[PDB]
>>> print(open('structure_36.cif').read())   # mmCIF, C-alpha atoms
data_query
loop_
_atom_site.label_atom_id
_atom_site.label_comp_id
_atom_site.auth_asym_id
_atom_site.auth_seq_id
_atom_site.Cartn_x
_atom_site.Cartn_y
_atom_site.Cartn_z
CA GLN V 1 144.09 123.23 130.49
CA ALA V 2 143.98 122.99 134.28
CA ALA V 3 144.51 119.57 135.87
CA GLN V 4 141.42 120.04 138.05
CA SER V 5 138.17 120.45 136.09
CA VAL V 6 135.57 122.81 137.59
CA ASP V 7 132.95 120.97 135.53
CA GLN V 8 133.91 117.54 136.87
CA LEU V 9 134.03 118.93 140.40
CA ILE V 10 130.70 120.78 140.21
CA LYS V 11 129.13 117.63 138.77
CA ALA V 12 130.42 115.79 141.85
CA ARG V 13 128.64 118.37 144.02
CA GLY V 14 125.40 117.46 142.26
CA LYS V 15 125.17 120.11 139.54
CA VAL V 16 124.69 119.60 135.82
CA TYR V 17 127.59 121.61 134.44
CA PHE V 18 130.16 124.36 134.53
CA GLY V 19 130.61 125.79 131.05
CA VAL V 20 131.82 128.74 129.01
CA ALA V 21 130.79 130.88 126.08
CA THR V 22 132.77 130.27 122.91
CA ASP V 23 132.56 130.01 119.12
CA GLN V 24 134.49 128.95 116.03
CA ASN V 25 136.91 131.89 116.17
CA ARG V 26 137.88 130.77 119.68
CA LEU V 27 137.91 127.01 119.12
CA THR V 28 140.25 127.40 116.12
CA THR V 29 143.09 129.16 117.95
CA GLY V 30 145.07 129.23 121.18
CA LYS V 31 144.46 126.62 123.86
CA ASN V 32 140.69 127.24 123.93
CA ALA V 33 139.62 123.85 122.53
CA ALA V 34 141.89 121.92 124.90
CA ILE V 35 140.84 123.98 127.92
CA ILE V 36 137.13 123.54 127.22
CA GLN V 37 137.59 119.84 126.51
CA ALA V 38 139.33 119.38 129.86
CA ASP V 39 137.69 121.85 132.24
CA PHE V 40 134.17 122.63 131.00
CA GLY V 41 131.13 120.52 130.19
CA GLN V 42 128.87 123.00 128.43
CA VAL V 43 129.15 125.76 125.83
CA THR V 44 127.07 128.75 124.78
CA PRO V 45 127.66 130.30 121.35
CA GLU V 46 128.91 133.79 122.02
CA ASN V 47 127.45 135.18 118.78
CA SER V 48 126.90 132.45 116.15
CA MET V 49 123.26 131.74 117.07
CA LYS V 50 122.02 135.33 117.37
CA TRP V 51 119.47 136.78 114.93
CA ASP V 52 121.94 139.02 113.07
CA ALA V 53 124.10 135.98 112.30
CA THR V 54 121.43 133.35 111.61
CA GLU V 55 118.83 135.28 109.58
CA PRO V 56 120.47 138.46 108.17
CA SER V 57 117.76 138.41 105.51
CA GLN V 58 114.24 137.09 106.07
CA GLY V 59 113.97 133.43 105.19
CA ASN V 60 117.66 133.38 104.29
CA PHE V 61 119.32 131.59 107.20
CA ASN V 62 123.06 131.14 107.70
CA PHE V 63 124.01 128.33 110.09
CA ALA V 64 127.74 128.19 109.27
CA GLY V 65 129.00 129.37 112.65
CA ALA V 66 126.16 127.82 114.63
CA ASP V 67 126.73 124.43 112.98
CA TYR V 68 130.45 124.60 113.73
CA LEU V 69 129.77 125.06 117.44
CA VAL V 70 126.99 122.49 117.73
CA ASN V 71 129.00 119.84 115.89
CA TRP V 72 132.11 120.57 117.97
CA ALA V 73 130.09 120.35 121.19
CA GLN V 74 128.54 117.01 120.25
CA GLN V 75 131.83 115.56 119.04
CA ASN V 76 133.32 116.56 122.40
CA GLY V 77 130.38 115.61 124.62
CA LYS V 78 129.63 119.14 125.79
CA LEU V 79 126.13 120.36 126.64
CA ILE V 80 124.81 123.35 124.66
CA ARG V 81 122.71 126.38 125.65
CA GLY V 82 121.16 128.03 122.57
CA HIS V 83 121.60 131.81 122.63
CA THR V 84 119.49 133.73 121.89
CA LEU V 85 116.14 133.64 120.00
CA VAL V 86 114.34 136.92 120.82
CA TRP V 87 116.46 139.97 121.65
CA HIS V 88 116.35 143.67 120.73
CA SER V 89 120.12 143.95 120.26
CA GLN V 90 122.03 142.55 117.28
CA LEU V 91 118.71 142.56 115.44
CA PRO V 92 118.64 142.85 111.61
CA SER V 93 117.18 146.06 110.19
CA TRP V 94 114.56 144.11 108.24
CA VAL V 95 113.02 143.01 111.53
CA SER V 96 113.01 146.33 113.37
CA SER V 97 111.42 147.91 110.27
CA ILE V 98 108.26 145.80 110.63
CA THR V 99 105.33 147.72 112.14
CA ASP V 100 102.57 145.17 111.43
CA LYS V 101 101.51 142.94 114.34
CA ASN V 102 100.72 139.81 112.31
CA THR V 103 103.87 140.18 110.22
CA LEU V 104 106.27 140.53 113.16
CA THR V 105 104.48 137.75 115.06
CA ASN V 106 104.90 135.30 112.16
CA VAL V 107 108.50 136.44 111.65
CA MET V 108 109.37 135.91 115.33
CA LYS V 109 107.70 132.51 115.36
CA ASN V 110 109.47 131.36 112.17
CA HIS V 111 112.84 132.49 113.51
CA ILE V 112 112.28 130.57 116.78
CA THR V 113 110.93 127.44 115.10
CA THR V 114 113.60 127.32 112.39
CA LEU V 115 116.60 127.52 114.72
CA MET V 116 115.21 125.15 117.35
CA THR V 117 114.08 122.60 114.77
CA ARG V 118 117.48 122.52 113.09
CA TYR V 119 119.08 121.42 116.35
CA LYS V 120 116.04 119.63 117.78
CA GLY V 121 117.01 117.29 120.62
CA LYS V 122 120.62 118.45 120.77
CA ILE V 123 120.19 121.58 122.90
CA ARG V 124 119.89 121.32 126.68
CA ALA V 125 118.47 124.83 127.02
CA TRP V 126 117.60 127.89 124.95
CA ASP V 127 117.63 131.56 125.96
CA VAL V 128 114.27 132.20 124.26
CA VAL V 129 113.84 135.79 125.40
CA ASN V 130 116.84 137.89 126.37
CA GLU V 131 116.84 141.18 128.30
CA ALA V 132 113.09 141.90 128.23
CA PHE V 133 113.14 144.03 131.38
CA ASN V 134 113.94 147.67 132.11
CA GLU V 135 115.97 148.38 135.23
CA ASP V 136 112.83 149.54 137.07
CA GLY V 137 111.12 146.21 136.43
CA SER V 138 108.83 147.33 133.62
CA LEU V 139 108.98 145.59 130.24
CA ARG V 140 111.63 146.98 127.90
CA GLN V 141 109.97 148.79 124.98
CA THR V 142 111.50 146.81 122.11
CA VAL V 143 110.14 146.40 118.59
CA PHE V 144 108.54 143.16 119.80
CA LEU V 145 106.78 144.80 122.73
CA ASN V 146 105.72 147.84 120.66
CA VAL V 147 104.45 145.88 117.67
CA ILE V 148 103.17 142.60 119.13
CA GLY V 149 102.42 143.78 122.66
CA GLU V 150 103.05 142.05 126.00
CA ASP V 151 101.82 138.82 124.42
CA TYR V 152 105.10 138.42 122.51
CA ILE V 153 106.80 136.77 125.50
CA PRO V 154 104.06 134.14 126.04
CA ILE V 155 103.96 133.54 122.27
CA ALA V 156 107.73 133.13 122.03
CA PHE V 157 107.77 130.46 124.74
CA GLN V 158 104.72 128.52 123.53
CA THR V 159 106.29 128.51 120.05
CA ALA V 160 109.65 127.29 121.39
CA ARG V 161 108.06 124.47 123.42
CA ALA V 162 106.34 123.18 120.29
CA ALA V 163 109.55 123.36 118.24
CA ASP V 164 111.57 121.22 120.68
CA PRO V 165 109.86 119.93 123.89
CA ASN V 166 113.22 118.47 124.95
CA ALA V 167 114.90 121.83 125.62
CA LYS V 168 114.58 123.82 128.83
CA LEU V 169 113.23 127.27 127.89
CA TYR V 170 114.80 130.26 129.64
CA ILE V 171 114.15 133.96 129.97
CA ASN V 172 117.60 135.55 130.43
CA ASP V 173 118.63 138.92 131.88
CA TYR V 174 121.36 140.95 133.60
CA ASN V 175 121.37 142.97 136.84
CA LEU V 176 119.47 140.23 138.68
CA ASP V 177 122.38 140.11 141.11
CA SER V 178 120.82 141.90 144.07
CA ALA V 179 117.77 140.74 146.04
CA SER V 180 116.71 144.34 146.76
CA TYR V 181 117.21 145.67 143.22
CA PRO V 182 113.89 146.45 141.39
CA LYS V 183 114.62 144.31 138.33
CA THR V 184 115.22 141.13 140.36
CA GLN V 185 111.96 141.35 142.27
CA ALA V 186 110.06 142.24 139.07
CA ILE V 187 111.24 139.36 136.88
CA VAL V 188 110.34 136.95 139.71
CA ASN V 189 106.75 138.21 139.96
CA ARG V 190 106.24 138.35 136.18
CA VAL V 191 107.63 134.84 135.66
CA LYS V 192 105.35 133.65 138.48
CA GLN V 193 102.39 135.22 136.70
CA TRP V 194 103.36 133.87 133.26
CA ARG V 195 103.80 130.33 134.56
CA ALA V 196 100.47 130.63 136.41
CA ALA V 197 98.88 131.48 133.06
CA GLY V 198 100.42 128.39 131.47
CA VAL V 199 103.49 129.90 129.79
CA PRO V 200 106.29 127.28 129.51
CA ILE V 201 109.15 129.17 131.18
CA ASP V 202 111.43 126.38 132.44
CA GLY V 203 114.08 128.66 133.82
CA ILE V 204 115.48 132.03 134.68
CA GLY V 205 118.99 132.85 133.54
CA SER V 206 120.96 135.45 135.45
CA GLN V 207 123.78 136.77 133.26
CA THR V 208 125.74 137.85 136.35
CA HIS V 209 128.09 140.36 134.67
CA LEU V 210 129.59 141.64 137.91
CA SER V 211 131.75 144.52 139.10
CA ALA V 212 134.14 144.10 142.04
CA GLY V 213 132.43 143.06 145.27
CA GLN V 214 129.04 142.21 143.77
CA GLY V 215 129.45 138.47 144.31
CA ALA V 216 128.21 138.66 147.90
CA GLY V 217 124.79 139.89 146.81
CA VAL V 218 124.22 136.90 144.53
CA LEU V 219 123.98 134.75 147.67
CA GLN V 220 120.57 136.33 148.36
CA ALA V 221 119.62 137.15 144.76
CA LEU V 222 119.77 133.64 143.30
CA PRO V 223 117.49 132.09 145.97
CA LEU V 224 115.07 134.97 145.32
CA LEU V 225 115.07 134.17 141.59
CA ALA V 226 114.43 130.52 142.43
CA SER V 227 111.36 131.57 144.42
CA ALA V 228 109.63 132.28 141.09
CA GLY V 229 109.03 128.53 140.94
CA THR V 230 110.70 127.72 137.62
CA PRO V 231 112.09 124.19 137.47
CA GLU V 232 115.55 125.70 136.87
CA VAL V 233 117.71 128.81 137.31
CA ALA V 234 121.29 129.24 136.15
CA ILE V 235 124.22 131.62 136.14
CA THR V 236 124.49 132.16 132.38
CA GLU V 237 127.20 134.71 131.56
CA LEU V 238 129.45 135.08 134.57
CA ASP V 239 132.42 137.44 134.58
CA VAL V 240 133.72 139.71 137.29
CA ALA V 241 135.73 142.88 136.83
CA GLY V 242 138.93 142.23 138.76
CA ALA V 243 138.34 138.47 138.81
CA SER V 244 138.55 138.49 142.61
CA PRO V 245 138.45 134.95 144.05
CA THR V 246 135.97 136.22 146.64
CA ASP V 247 133.42 137.28 144.02
CA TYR V 248 133.76 134.09 141.99
CA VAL V 249 133.51 131.80 145.01
CA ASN V 250 130.45 133.70 146.25
CA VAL V 251 128.62 133.13 142.97
CA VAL V 252 129.60 129.46 142.94
CA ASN V 253 128.30 128.99 146.50
CA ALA V 254 125.08 130.80 145.60
CA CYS V 255 124.37 128.15 142.96
CA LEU V 256 125.46 125.34 145.28
CA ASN V 257 123.01 126.72 147.85
CA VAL V 258 120.11 126.78 145.38
CA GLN V 259 118.58 123.37 144.65
CA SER V 260 117.15 124.46 141.29
CA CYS V 261 120.46 125.96 140.09
CA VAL V 262 121.64 123.50 137.43
CA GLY V 263 124.95 125.13 136.58
CA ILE V 264 127.20 128.05 135.78
CA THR V 265 128.47 129.42 132.47
CA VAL V 266 131.39 131.88 132.44
CA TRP V 267 131.46 134.35 129.55
CA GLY V 268 134.70 133.30 127.91
CA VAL V 269 137.95 131.46 128.53
CA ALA V 270 140.96 133.82 128.51
CA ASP V 271 140.96 137.52 129.49
CA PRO V 272 142.23 138.91 126.15
CA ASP V 273 139.16 137.37 124.51
CA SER V 274 136.66 138.71 127.05
CA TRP V 275 134.18 141.23 125.73
CA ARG V 276 135.20 143.22 128.80
CA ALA V 277 138.90 142.40 128.60
CA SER V 278 139.84 145.81 129.98
CA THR V 279 138.72 144.40 133.33
CA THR V 280 140.48 141.00 133.04
CA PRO V 281 137.21 139.40 134.31
CA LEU V 282 137.76 135.76 133.33
CA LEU V 283 139.26 132.61 134.87
CA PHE V 284 142.24 132.18 132.52
CA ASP V 285 144.92 134.80 131.77
CA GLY V 286 146.49 135.96 128.51
CA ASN V 287 148.91 133.04 128.70
CA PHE V 288 145.86 130.78 129.03
CA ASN V 289 146.87 129.76 132.55
CA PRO V 290 144.32 129.33 135.36
CA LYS V 291 144.01 132.48 137.47
CA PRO V 292 143.68 132.66 141.29
CA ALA V 293 139.88 132.65 140.80
CA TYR V 294 139.95 129.34 138.93
CA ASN V 295 141.99 127.67 141.67
CA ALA V 296 139.69 129.21 144.29
CA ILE V 297 136.63 127.63 142.65
CA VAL V 298 138.36 124.25 142.40
CA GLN V 299 139.29 124.46 146.09
CA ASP V 300 135.72 125.41 146.96
CA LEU V 301 134.13 122.56 144.96
CA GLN V 302 136.49 119.82 146.21
#
>>> encode(input="structure_36.cif", output="structure tokens")
Amino acid sequence: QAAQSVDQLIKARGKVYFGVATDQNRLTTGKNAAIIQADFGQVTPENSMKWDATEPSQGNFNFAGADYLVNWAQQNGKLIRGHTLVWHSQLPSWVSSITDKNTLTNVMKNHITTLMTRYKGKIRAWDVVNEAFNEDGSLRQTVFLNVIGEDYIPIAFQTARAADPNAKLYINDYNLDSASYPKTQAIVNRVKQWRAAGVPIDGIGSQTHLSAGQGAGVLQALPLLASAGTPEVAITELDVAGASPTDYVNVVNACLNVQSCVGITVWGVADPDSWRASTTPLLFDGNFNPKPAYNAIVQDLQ
């Protein structure tokens, strides 16, 4: 654990939190638990709340891992971002096999309602729909889009709102890091349209899985995302190949510069445990010591 807490410091700047992705396998080894307890104020389950883990068989839910994380977060006063309710990846075969509109609709609604109800009132935000956009801005042709139609997004959000009105509902996606990139501009216009039609989209989550030098672009991209008019926007899965202090600081400033940006979540604690470890993209090294990027953020926030 670092003496200076990025979460405490970002809170002092007026933001809600600075968190990290994690799960039972992380919290039970190394210095993960201690580091998160001292330097972060929010956690996102890396995999324990996904469809493949929570409902491997229809109507047969498994909350073992999810419960572990939620209980640990509450016991340690950390905010939680549910992740993720509707996503084409890590999707059980029994779901993708459904070709009937009514069937899939009811299945999607039950999955959403069941998970959100179990943790009702204990989740700050939920990534209701994840990666629903193609790189060109069109809607990704997933089993949900092909079987339910474009209405699946509005339905997912309306269903989530009803399950737990306390949680902020987010649509989450990657490659929303450049203001001139097609995807960025598209999600903004579609979210504007959905909200205008009454869809309860409280926020836009920008994964922000960056390559070296892409931090600079976020300075213009985040404000653009905020122009969609959602009450919130957030950096949800930040990591940067190379872990350059310049890229990390740029992303932090981007959020500081955006009034509606409530916080930042980095995708993991120590490099060896990153899902992109080959690029040592995190803020703590293999020895679980703060890297130059961590100190740079602290220095920026102070």
>>> residues_around(input="structure_36.cif", residues="residue 230 in chain V", least_positions_apart="5", cutoff="7 Å", atoms="all atoms listed in the file", output="list in words")
residues 201, 202 and 203 of chain V
>>> resolve_selection(input="structure_36.cif", expression="the PyMOL selection byres ((chain V and resi 271-284) around 12)", output="compact mmCIF listing (two decimals) with C-alpha atoms, in the coordinates of the input")
# COMPACT_ATOMS: atom_id res chain seq x y z
CA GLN V 1 144.09 123.23 130.49
CA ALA V 2 143.98 122.99 134.28
CA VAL V 6 135.57 122.81 137.59
CA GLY V 19 130.61 125.79 131.05
CA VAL V 20 131.82 128.74 129.01
CA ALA V 21 130.79 130.88 126.08
CA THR V 22 132.77 130.27 122.91
CA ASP V 23 132.56 130.01 119.12
CA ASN V 25 136.91 131.89 116.17
CA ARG V 26 137.88 130.77 119.68
CA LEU V 27 137.91 127.01 119.12
CA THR V 29 143.09 129.16 117.95
CA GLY V 30 145.07 129.23 121.18
CA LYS V 31 144.46 126.62 123.86
CA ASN V 32 140.69 127.24 123.93
CA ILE V 35 140.84 123.98 127.92
CA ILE V 36 137.13 123.54 127.22
CA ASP V 39 137.69 121.85 132.24
CA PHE V 40 134.17 122.63 131.00
CA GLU V 46 128.91 133.79 122.02
CA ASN V 47 127.45 135.18 118.78
CA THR V 208 125.74 137.85 136.35
CA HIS V 209 128.09 140.36 134.67
CA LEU V 210 129.59 141.64 137.91
CA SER V 211 131.75 144.52 139.10
CA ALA V 212 134.14 144.10 142.04
CA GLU V 237 127.20 134.71 131.56
CA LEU V 238 129.45 135.08 134.57
CA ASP V 239 132.42 137.44 134.58
CA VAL V 240 133.72 139.71 137.29
CA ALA V 241 135.73 142.88 136.83
CA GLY V 242 138.93 142.23 138.76
CA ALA V 243 138.34 138.47 138.81
CA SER V 244 138.55 138.49 142.61
CA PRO V 245 138.45 134.95 144.05
CA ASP V 247 133.42 137.28 144.02
CA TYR V 248 133.76 134.09 141.99
CA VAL V 249 133.51 131.80 145.01
CA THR V 265 128.47 129.42 132.47
CA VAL V 266 131.39 131.88 132.44
CA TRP V 267 131.46 134.35 129.55
CA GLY V 268 134.70 133.30 127.91
CA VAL V 269 137.95 131.46 128.53
CA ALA V 270 140.96 133.82 128.51
CA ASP V 285 144.92 134.80 131.77
CA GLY V 286 146.49 135.96 128.51
CA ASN V 287 148.91 133.04 128.70
CA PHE V 288 145.86 130.78 129.03
CA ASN V 289 146.87 129.76 132.55
CA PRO V 290 144.32 129.33 135.36
CA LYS V 291 144.01 132.48 137.47
CA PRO V 292 143.68 132.66 141.29
CA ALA V 293 139.88 132.65 140.80
CA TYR V 294 139.95 129.34 138.93
CA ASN V 295 141.99 127.67 141.67
CA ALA V 296 139.69 129.21 144.29
CA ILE V 297 136.63 127.63 142.65
CA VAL V 298 138.36 124.25 142.40
>>> resolve_selection(input="structure_36.cif", expression="the PyMOL selection byres ((chain V and resi 259-263) around 8)", output="NGL selection string")
:V and (15-19 or 226 or 231-235 or 255-258 or 264-265)
>>> write_last_selection(input="structure_36.cif", atoms="C-alpha atoms", output="mmCIF file, keeping the file's coordinate frame")
data_model
loop_
_atom_site.group_PDB
_atom_site.id
_atom_site.type_symbol
_atom_site.label_atom_id
_atom_site.label_comp_id
_atom_site.auth_asym_id
_atom_site.auth_seq_id
_atom_site.Cartn_x
_atom_site.Cartn_y
_atom_site.Cartn_z
ATOM 1 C CA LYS V 15 125.170 120.110 139.540
ATOM 2 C CA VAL V 16 124.690 119.600 135.820
ATOM 3 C CA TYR V 17 127.590 121.610 134.440
ATOM 4 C CA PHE V 18 130.160 124.360 134.530
ATOM 5 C CA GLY V 19 130.610 125.790 131.050
ATOM 6 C CA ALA V 226 114.430 130.520 142.430
ATOM 7 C CA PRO V 231 112.090 124.190 137.470
ATOM 8 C CA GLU V 232 115.550 125.700 136.870
ATOM 9 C CA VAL V 233 117.710 128.810 137.310
ATOM 10 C CA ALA V 234 121.290 129.240 136.150
ATOM 11 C CA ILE V 235 124.220 131.620 136.140
ATOM 12 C CA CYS V 255 124.370 128.150 142.960
ATOM 13 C CA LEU V 256 125.460 125.340 145.280
ATOM 14 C CA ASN V 257 123.010 126.720 147.850
ATOM 15 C CA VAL V 258 120.110 126.780 145.380
ATOM 16 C CA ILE V 264 127.200 128.050 135.780
ATOM 17 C CA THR V 265 128.470 129.420 132.470
#
>>> resolve_selection(input="structure_36.cif", expression="the PyMOL selection byres ((chain V and resi 149) around 12)", output="VMD selection string")
chain V and resid 99 to 102 104 to 105 139 to 148 150 to 156
>>> residues_near_point(input="structure_36.cif", point="(109.5, 133.1, 106.4)", cutoff="9 Å", atoms="only C-alpha atoms", output="PDB file with C-alpha atoms, in the frame of the given file")
ATOM      1  CA  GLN V  58     114.240 137.090 106.070  1.00  0.00           C
ATOM      2  CA  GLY V  59     113.970 133.430 105.190  1.00  0.00           C
ATOM      3  CA  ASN V  60     117.660 133.380 104.290  1.00  0.00           C
ATOM      4  CA  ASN V 106     104.900 135.300 112.160  1.00  0.00           C
ATOM      5  CA  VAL V 107     108.500 136.440 111.650  1.00  0.00           C
ATOM      6  CA  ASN V 110     109.470 131.360 112.170  1.00  0.00           C
ATOM      7  CA  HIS V 111     112.840 132.490 113.510  1.00  0.00           C
TER       8      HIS V 111
END
>>> atom_distance(input="structure_36.cif", atom1="CA of residue 219 in chain V", atom2="CA of residue 180 in chain V")
12.1 Å
>>> closest_residue(input="structure_36.cif", among="V:122, V:83, V:88, V:192", to="residue 54 in chain V", atoms="only C-alpha atoms")
V:83
>>> closest_residue(input="structure_36.cif", among="V:254, V:70, V:125, V:197", to="residue 172 in chain V", atoms="all atoms listed in the file")
V:125
>>> atom_distance(input="structure_36.cif", atom1="CA of residue 246 in chain V", atom2="CA of residue 42 in chain V")
23.6 Å
>>> residues_around(input="structure_36.cif", residues="residue 65 in chain V", least_positions_apart="3", cutoff="7 Å", atoms="all atoms listed in the file", output="list in words")
residues 24, 48, 68 and 69 of chain V
>>> atom_distance(input="structure_36.cif", atom1="CA of residue 97 in chain V", atom2="CA of residue 115 in chain V")
21.5 Å
>>> closest_residue(input="structure_36.cif", among="V:164, V:300, V:67, V:177", to="residue 53 in chain V", atoms="all atoms listed in the file")
V:67
>>> closest_residue(input="structure_36.cif", among="V:85, V:38, V:218, V:196", to="residue 175 in chain V", atoms="all atoms listed in the file")
V:218
>>> closest_residue(input="structure_36.cif", among="V:84, V:124, V:217, V:186", to="residue 171 in chain V", atoms="only C-alpha atoms")
V:84
>>> closest_residue(input="structure_36.cif", among="V:236, V:4, V:93, V:74", to="residue 204 in chain V", atoms="all atoms listed in the file")
V:236
>>> axis_aligned_box(input="structure_36.cif", around="range 163-179 of chain V", padding_each_side="3 Å", output="AutoDock Vina command-line options")
--center_x 116.0 --center_y 130.7 --center_z 132.1 --size_x 18.8 --size_y 30.5 --size_z 33.8
>>> decode(input="structure_36.cif", residues="range 154-169 of chain V", atoms="C-alpha atoms", output="PDB file, in the first residue's frame")
ATOM      1  CA  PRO V 154     -34.167   0.368 -23.950  1.00  0.00           C
ATOM      2  CA  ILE V 155     -35.716  -2.762 -22.400  1.00  0.00           C
ATOM      3  CA  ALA V 156     -32.546  -3.627 -20.490  1.00  0.00           C
ATOM      4  CA  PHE V 157     -32.359  -0.169 -18.906  1.00  0.00           C
ATOM      5  CA  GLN V 158     -36.059   0.154 -18.059  1.00  0.00           C
ATOM      6  CA  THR V 159     -35.843  -3.298 -16.449  1.00  0.00           C
ATOM      7  CA  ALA V 160     -32.740  -2.350 -14.445  1.00  0.00           C
ATOM      8  CA  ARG V 161     -34.279   0.906 -13.181  1.00  0.00           C
ATOM      9  CA  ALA V 162     -37.258  -1.037 -11.830  1.00  0.00           C
ATOM     10  CA  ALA V 163     -35.033  -3.632 -10.147  1.00  0.00           C
ATOM     11  CA  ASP V 164     -33.020  -1.045  -8.183  1.00  0.00           C
ATOM     12  CA  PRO V 165     -33.828   2.694  -8.637  1.00  0.00           C
ATOM     13  CA  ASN V 166     -30.884   3.496  -6.342  1.00  0.00           C
ATOM     14  CA  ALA V 167     -28.184   2.434  -8.814  1.00  0.00           C
ATOM     15  CA  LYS V 168     -26.803   4.610 -11.598  1.00  0.00           C
ATOM     16  CA  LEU V 169     -27.332   2.716 -14.881  1.00  0.00           C
TER      17      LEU V 169
END
